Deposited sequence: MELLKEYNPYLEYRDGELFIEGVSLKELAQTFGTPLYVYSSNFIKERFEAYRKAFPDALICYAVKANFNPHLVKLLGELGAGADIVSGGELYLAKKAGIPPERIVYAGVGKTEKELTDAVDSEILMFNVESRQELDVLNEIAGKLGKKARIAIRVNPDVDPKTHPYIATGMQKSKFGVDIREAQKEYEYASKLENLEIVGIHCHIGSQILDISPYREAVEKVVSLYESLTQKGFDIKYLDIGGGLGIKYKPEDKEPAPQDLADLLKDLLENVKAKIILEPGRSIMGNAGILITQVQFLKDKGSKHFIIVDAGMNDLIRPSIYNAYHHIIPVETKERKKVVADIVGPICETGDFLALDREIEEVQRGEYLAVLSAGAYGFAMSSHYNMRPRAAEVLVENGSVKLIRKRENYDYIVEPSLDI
């Protein structure tokens, strides 16, 4: 059944949409809309899928997908690590109780302060994006009387280094006193449904691993990144962690494997509930105007991304489903076939748990949505709805 392919904790009961045994109509009425609703057991089940498929690997949640501290803590309690790209993500992981030995720091978002905090915190590994970054980390570690543990990010566009020029970076890094070389990192892409390219990519990593091992390097960690795609479109068939493990089994090695899933844990975990405000026709074209926009979920607008949209209440049209934002590009779906809806009725936007709230802004002075976590009939407000005061607070009495 299509609905349960997206998320098995979703069901219609007597024409009413439920998540983990709680009515979405009741949630919308109680907490208001727009509303982000997350399944606790979906998140746990997806994390556990990685642990079952890769029992000896460290599974670092990619915090970029969703920064809600209650969600990061949920994962932390199951033994998740944290793949971080900023000092704010470090702060969050620490707040969530994820220990530094399970934290890896990727990307180019690395100011002097952020790096100082991370070195001082003794995180597992920096996934290094430039030679200059090697020099900067070396200086910082020296000033703290510490070692910074590193991996070079290799590409088997601003990111990584061609794997064929990677040994050169490893050799350069070996000369810097305050660096300890401990890993190799790749991250080959995102929303990957055909997992075939992972085999060649990991082959090349292991080939590099063997070469550096022969060269005398002690590579303790192979971080093969994230990027496993999820079901967005009805016809999408998503890979499972077990599929990846099957693919890479005869390639994988003494080094500890690290994986960095984000979307494949959070994406289908969350749904966005929005209320229909107005219907209008222009010529033969139909518009359904709702209370959520690109300010709440930006993916359709900026990527032309597909999110499946369903009615919260089923009853007995092709339309643009559009938001409140004063932009022609503010839509959630274009030329989309849906059952006819009326003012006041609720729609569920699926697959909104990753890169959803995370990219939410205050454009048009719109406070962001409340966030609710549901677990087998129980409810927890994990982010209060903002008010106007919150948006402009840093400008008040300053």
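Missing from the model, by position in the deposited sequence, are residues 1, 158-173, 270-271, 336-338.
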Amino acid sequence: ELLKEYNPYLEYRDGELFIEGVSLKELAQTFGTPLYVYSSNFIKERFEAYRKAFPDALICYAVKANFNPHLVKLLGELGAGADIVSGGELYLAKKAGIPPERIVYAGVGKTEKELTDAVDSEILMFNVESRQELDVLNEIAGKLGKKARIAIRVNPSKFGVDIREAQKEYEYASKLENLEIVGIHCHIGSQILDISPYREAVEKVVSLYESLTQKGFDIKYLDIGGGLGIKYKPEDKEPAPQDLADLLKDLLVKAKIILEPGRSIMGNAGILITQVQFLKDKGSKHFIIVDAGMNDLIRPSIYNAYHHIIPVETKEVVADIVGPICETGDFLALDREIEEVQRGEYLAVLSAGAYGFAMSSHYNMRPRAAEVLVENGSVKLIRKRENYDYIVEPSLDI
From here on, numbers count along this sequence of modelled residues.
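Stretches 86-94 and 283-291 differ in mean CA B factor, with 283-291 having the higher one.
Look at the C-alpha B-factors of 28-36 and of 351-359. On average they run higher in 28-36.
The residue among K73, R102, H307, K249 whose C-alpha carries the highest B-factor in the deposited model is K249. Residue set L134, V276, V317, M266: peak C-alpha B-factor at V317 (per PDB entry). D389: CA B factor lies in the lowest third for its chain, per the PDB record. In the deposited entry, the Cα temperature factor of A370 sits in the bottom third of values across the chain's modelled residues. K231: CA B factor in the lowest third of modelled residues in this chain (values from the PDB entry).
Among the modelled residues of the chain, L212 sits in the highest third by CA temperature factor in this PDB entry. Among the modelled residues of its chain, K64 has a C-alpha B-factor that falls in the lowest third according to the deposited record.
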